[PDB]
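**Student:** Take this structure first; my questions come after.
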Amino acid sequence: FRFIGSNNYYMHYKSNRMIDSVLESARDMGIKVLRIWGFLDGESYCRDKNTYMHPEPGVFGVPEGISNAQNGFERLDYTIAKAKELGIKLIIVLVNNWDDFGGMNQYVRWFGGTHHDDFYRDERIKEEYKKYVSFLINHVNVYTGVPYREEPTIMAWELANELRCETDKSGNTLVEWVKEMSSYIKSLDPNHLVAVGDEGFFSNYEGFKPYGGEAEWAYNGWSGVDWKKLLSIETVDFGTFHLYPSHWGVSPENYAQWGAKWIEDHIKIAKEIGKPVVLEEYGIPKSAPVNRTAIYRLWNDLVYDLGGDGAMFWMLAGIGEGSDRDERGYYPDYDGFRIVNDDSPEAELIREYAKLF
């Protein structure tokens with residue numbers, strides 16, 4: 001099973017029309033796997049989207065006494081039931097490293113901590129995360145009758161989007177937390193694959209240095225992630241990595257070759273450990289002084305030729321509505337990475353590669 005995939009983060013709070021548009025676009029473009037968020041933590045973030053998943057500890061769904069709100073488990077149920085009809089597989093991520101949709105810091109606020117990385121260490125936080133993930137994995141989809149634990153449309157659970165632990169540059173904190181949480185998920189759900197959902201950073205491996213000396217922090221362990229150690233965990237089934245040279249400090253003339261080396265290095269390491277590897281997010285800003293389509297082609301060619309299992313661009317969007325609608329009626333390109341099912345050279349390249357993978 002090898003694939004072109006993509007990401008979309010709004011499948012748990014937008015309307016049926018907007019969810020159908022993304023999944024129909026995925027089917028029409030040949031995109032086989034979509035990576036989505038399965039979290040919405042904190043009362044303020046839930047209220048901002050009028051959609052509730054985990055507004056406070058021990059509260060899963062809409063708080064008693066709030067009317068006129070969406071339940072994010074019902075929206076995820078609709079997305080999964082539509083994906084199942086349309087033949088799209090889903091990777092569902094269970095918490096965010098970052099503050100968007102609450103993330104780890106929202107759990108730290110609930111529990112009175114004093115740093116983001118307390119998420120990995122405080123047993124009261126770890127217990128709440130386990131309570132959330134058990135509620136979600138056991139949830140019965142209201143459109144199919146099948147609990148997520150038994151739903152083959154879900155390809156994989158991921159522990160945490162872009163997890164980092166800068167306060168422990170040994171990597172040991174995240175190894176312990178990934179072991180504990182991936183084993184916990186396998187105890188709830190023996191059917192599904194589990195992966196971490198991290199960016200793929202290395203921790204000073206002999207003979208692995210960055211192209212051109214740029215973005216060295218991604219190679220030298222600064223984020224607290226030791227990807228090779230994480231991939232060697234028994235209860236982790238496949239490796240994930242992300243790729244954003246512009247955000248990471250690479251110069252425009254080096255984006256293509258930095259990316260190419262990062263892909264080569266990850267596939268070489270995963271192939272030696274003997275597990276599958278997915279480039280699950282990548283992006284070049286639309287405004288970069290290089291040809292974005294040509295960089296995407298290069299990177300997809302490398303994943304394909306070197307035997308990586310998947311390449312997933314960030315990100316696919318569909319039609320928009322309300323205050324998220326741009327000059328053509330689509331959900332807007334807010335970050336400079338959006339691709340839609342149109343006549344752009346990026347859209348055409350994805351349609352071409354989805355026939356190859």
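Each chain in the structure tokens gets a letter, A, B and so on, in the order shown; residues start at 1 in every chain, and ligands are counted from 1 in the order they appear.
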Could you list, as a short mmCIF file (atom, residue, chain, number, x, y, z; two decimals) with C-alpha atoms, in the first residue's frame, every residue within 6 Å of range 208-216 of chain A, counting only C-alpha atoms and ignoring same-chain residues fewer than 5 positions away?

**Tutor:**
data_model
loop_
_atom_site.label_atom_id
_atom_site.label_comp_id
_atom_site.auth_asym_id
_atom_site.auth_seq_id
_atom_site.Cartn_x
_atom_site.Cartn_y
_atom_site.Cartn_z
CA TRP A 248 13.06 26.00 9.19
CA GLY A 249 15.69 28.46 8.10
CA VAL A 250 16.78 27.07 4.68
CA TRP A 258 17.71 20.36 1.53
#

**Student:** Per DSSP on the backbone, what are the strand (DSSP E or B) residues of range 36-143 of chain A, as a ChimeraX atom specification?

**Tutor:** /A:36-37,41,51-52,54,56,59,70-71,89-93,96,140

**Student:** Mind dumping the selected residues with C-alpha atoms as a PDB file, in the first residue's frame?

**Tutor:**
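The result, written out as selection_35.pdb:
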ATOM      1  CA  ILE A  36      -6.978  15.112   9.871  1.00  0.00           C
ATOM      2  CA  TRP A  37      -7.226  16.467  13.402  1.00  0.00           C
ATOM      3  CA  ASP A  41      -9.174  21.108  23.415  1.00  0.00           C
ATOM      4  CA  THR A  51     -17.794  22.896  18.145  1.00  0.00           C
ATOM      5  CA  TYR A  52     -16.950  20.869  21.215  1.00  0.00           C
ATOM      6  CA  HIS A  54     -12.758  18.337  24.960  1.00  0.00           C
ATOM      7  CA  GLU A  56     -12.550  20.700  30.081  1.00  0.00           C
ATOM      8  CA  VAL A  59     -15.990  16.621  29.446  1.00  0.00           C
ATOM      9  CA  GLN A  70     -21.802  21.357  17.167  1.00  0.00           C
ATOM     10  CA  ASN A  71     -20.367  18.188  18.639  1.00  0.00           C
ATOM     11  CA  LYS A  89      -8.462   6.379   4.291  1.00  0.00           C
ATOM     12  CA  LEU A  90      -7.905   8.656   7.251  1.00  0.00           C
ATOM     13  CA  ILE A  91      -5.029   9.225   9.685  1.00  0.00           C
ATOM     14  CA  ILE A  92      -6.462  10.842  12.835  1.00  0.00           C
ATOM     15  CA  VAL A  93      -4.120  12.846  15.125  1.00  0.00           C
ATOM     16  CA  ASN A  96      -1.513  19.173  18.850  1.00  0.00           C
ATOM     17  CA  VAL A 140     -19.720   4.759  18.073  1.00  0.00           C
TER      18      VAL A 140
END

**Student:** When distances are computed from only C-alpha atoms, which of A:128, A:74, A:180, A:352 shows the smallest separation from residue 16 in chain A?

**Tutor:**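 Smallest separation from residue 16 in chain A among the options: A:74.
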
**Student:** Have a look at CA of residue 276 in chain A and CA of residue 357 in chain A and let me know their distance in Å, one decimal.

**Tutor:**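 Interatomic distance here is 14.8 Å.
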
**Student:** Using only C-alpha atoms, which residues sit within 6 Å of residue 278 in chain A once same-chain residues fewer than 2 positions away are excluded, as a PyMOL selection string?

**Tutor:** chain A and resi 240+280+309-310

**Student:** Would you output that residue set with N, CA and C atoms, as a CSV table (one decimal), in the first residue's frame?

**Tutor:**
chain,number,residue,atom,x,y,z
A,240,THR,N,7.0,8.9,10.7
A,240,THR,CA,6.4,10.1,10.1
A,240,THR,C,7.5,11.1,10.1
A,280,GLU,N,4.5,12.9,5.8
A,280,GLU,CA,3.1,13.1,5.9
A,280,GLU,C,2.7,14.6,5.9
A,309,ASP,N,6.8,5.0,1.7
A,309,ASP,CA,5.5,4.4,1.5
A,309,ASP,C,4.4,5.5,1.2
A,310,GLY,N,4.7,6.8,1.4
A,310,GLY,CA,3.6,7.8,1.1
A,310,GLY,C,4.3,9.1,1.1

**Student:** Please determine, counting only C-alpha atoms, which residue among A:163, A:260, A:174, A:306 has the shortest atom-to-atom distance to residue 104 in chain A.

**Tutor:**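 Of A:163, A:260, A:174, A:306, the one nearest residue 104 in chain A, counting only C-alpha atoms, is A:163.
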
**Student:** Find the residues around residue 26 in chain A up to 12 Å (only C-alpha atoms counted), leave out those fewer than 6 positions away in its own chain, and share them as JSON, numbers by chain.

**Tutor:** {"A": [4, 5, 6, 7, 8, 19, 20, 32, 33, 34, 35, 82, 83, 86, 87, 88, 89, 90, 312, 313, 315, 316, 317, 318, 339, 340, 341, 342, 347, 350, 351, 354]}

**Student:** Any idea what's packed within 9 Å of residue 336 in chain A, counting only C-alpha atoms, ignoring anything in its chain fewer than 2 positions away? Could you give it as an MDAnalysis selection string?

**Tutor:** chainID A and resid 283:287 333:334 338

**Student:** Could you jot down the CA of residue 132 in chain A to CA of residue 49 in chain A separation for me, Å, one decimal place?

**Tutor:**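 These two atoms are separated by 19.2 Å.
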
**Student:** From the options A:60, A:346, A:48, A:85, which residue's atoms come nearest to residue 23 in chain A, counting only C-alpha atoms?

**Tutor:** A:85

**Student:** Could you give me, as a list in words, each residue of range 72-102 of chain A that DSSP assigns to helix (DSSP H, G or I) when run on this structure's backbone?

**Tutor:**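 Written out, the helix (DSSP H, G or I) residues of range 72-102 of chain A are residues 72, 73, 74, 75, 76, 77, 78, 79, 80, 81, 82, 83, 84, 85 and 86 of chain A.
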
**Student:** Output C-alpha atoms for every residue in the selection just made, as an mmCIF file, in the first residue's frame.

**Tutor:**
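Once everything was written out, this is selection.cif:
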data_model
loop_
_atom_site.group_PDB
_atom_site.id
_atom_site.type_symbol
_atom_site.label_atom_id
_atom_site.label_comp_id
_atom_site.auth_asym_id
_atom_site.auth_seq_id
_atom_site.Cartn_x
_atom_site.Cartn_y
_atom_site.Cartn_z
ATOM 1 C CA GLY A 72 -16.922 17.553 17.014
ATOM 2 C CA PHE A 73 -17.414 13.774 17.413
ATOM 3 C CA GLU A 74 -20.548 14.091 15.215
ATOM 4 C CA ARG A 75 -18.579 16.105 12.628
ATOM 5 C CA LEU A 76 -15.758 13.488 12.684
ATOM 6 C CA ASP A 77 -18.461 10.794 12.409
ATOM 7 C CA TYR A 78 -19.784 12.520 9.222
ATOM 8 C CA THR A 79 -16.263 12.888 7.755
ATOM 9 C CA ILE A 80 -15.496 9.221 8.490
ATOM 10 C CA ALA A 81 -18.833 7.956 7.037
ATOM 11 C CA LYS A 82 -18.258 10.109 3.879
ATOM 12 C CA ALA A 83 -14.615 8.999 3.593
ATOM 13 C CA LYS A 84 -15.844 5.365 3.867
ATOM 14 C CA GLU A 85 -18.321 5.936 0.973
ATOM 15 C CA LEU A 86 -15.801 7.716 -1.137
#

**Student:** So that I can see what lies close to residue 237 in chain A, please list as an mmCIF file with N, CA and C atoms, in the first residue's frame the residues with an atom at most 7 Å from it, counting only C-alpha atoms and leaving out residues fewer than 6 positions away in the same chain.

**Tutor:**
data_model
loop_
_atom_site.group_PDB
_atom_site.id
_atom_site.type_symbol
_atom_site.label_atom_id
_atom_site.label_comp_id
_atom_site.auth_asym_id
_atom_site.auth_seq_id
_atom_site.Cartn_x
_atom_site.Cartn_y
_atom_site.Cartn_z
ATOM 1 N N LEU A 193 -3.013 0.718 12.917
ATOM 2 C CA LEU A 193 -1.653 1.178 13.019
ATOM 3 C C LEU A 193 -1.571 2.402 13.944
ATOM 4 N N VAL A 194 -0.410 2.536 14.591
ATOM 5 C CA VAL A 194 -0.093 3.736 15.438
ATOM 6 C C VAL A 194 1.193 4.332 14.961
ATOM 7 N N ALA A 195 1.190 5.665 14.845
ATOM 8 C CA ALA A 195 2.438 6.410 14.589
ATOM 9 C C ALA A 195 2.459 7.621 15.449
ATOM 10 N N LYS A 275 10.873 -0.504 9.070
ATOM 11 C CA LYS A 275 9.456 -0.149 9.152
ATOM 12 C C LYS A 275 9.127 0.820 8.051
#

**Student:** May I have the residues within 7 Å of residue 21 in chain A as a PyMOL selection string, using only C-alpha atoms and disregarding those fewer than 3 positions away in the same chain?

**Tutor:** chain A and resi 17-18+24-25+318-319
